[PDB]
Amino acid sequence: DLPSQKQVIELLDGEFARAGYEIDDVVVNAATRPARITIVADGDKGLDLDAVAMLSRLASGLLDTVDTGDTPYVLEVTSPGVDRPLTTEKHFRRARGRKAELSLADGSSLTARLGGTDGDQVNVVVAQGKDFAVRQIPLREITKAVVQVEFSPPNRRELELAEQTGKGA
């Protein structure tokens, strides 16, 4: 059949990196006519149309080296999307379960999946080895919070924790 997400990534990651680009995610969708393989990539300087086309050429060339069989697919290389910034406690509540990039007041940053709010805290869920940590961060320590677009579905255990912690609308 079609290669797994992991197969596409092992196939492309090195070449993409060698071209100066990072692979953020890969989606092999076999539920459309025809199937779509989506590569989500980025560089320090985003993806302009030149880069999108170059990486599409790269990726398609590399994927032709693979036995797809009689199964027909379409390839797309895209930038990671943009999603809402969050300002109020209500916003955080509504964004429970979403992945977020948080800038902290001490200058550090953190990518984590948002849990519920709890008093003046927000719960966050972070991967830690094969397991997870649930941390509370005070709203007054978050100076920027941006929800990320997700292409592959969230890790099931991670989403379970993020969605059954604290309050969220």
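In case it trips you up, residue 1 is the first one in the sequence shown, and so on.
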Checklist entry - So 158-166 or 3-11, which one's hotter by mean CA B-factor in the entry? => result 3-11
Checklist outcome for this item: With B-factors read from the PDB entry, the higher C-alpha mean of 110-118 and 59-67 is in 59-67
Checklist entry - Highest Cα B-factor in the deposition, which of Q128, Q136, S103, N29? => result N29
Checklist entry - What third of the chain, by the recorded C-alpha B-factor, contains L86? => result lowest
Next on the checklist: Split into thirds by Cα B-factor across the chain's modelled residues, where does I142 land: lowest, middle or highest?
Outcome noted: lowest
Next on the checklist: Quick check for you: using the entry's CA B-factors within this chain, is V77 in the lowest, middle or highest third?
Outcome noted: middle
Checklist entry - Going by the entry, which third of its chain does the Cα temperature factor of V124 land in? => result lowest
Checklist entry - Comparing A35 with the other modelled residues of its chain, is its CA B-factor in the lowest, middle or highest third? => result highest
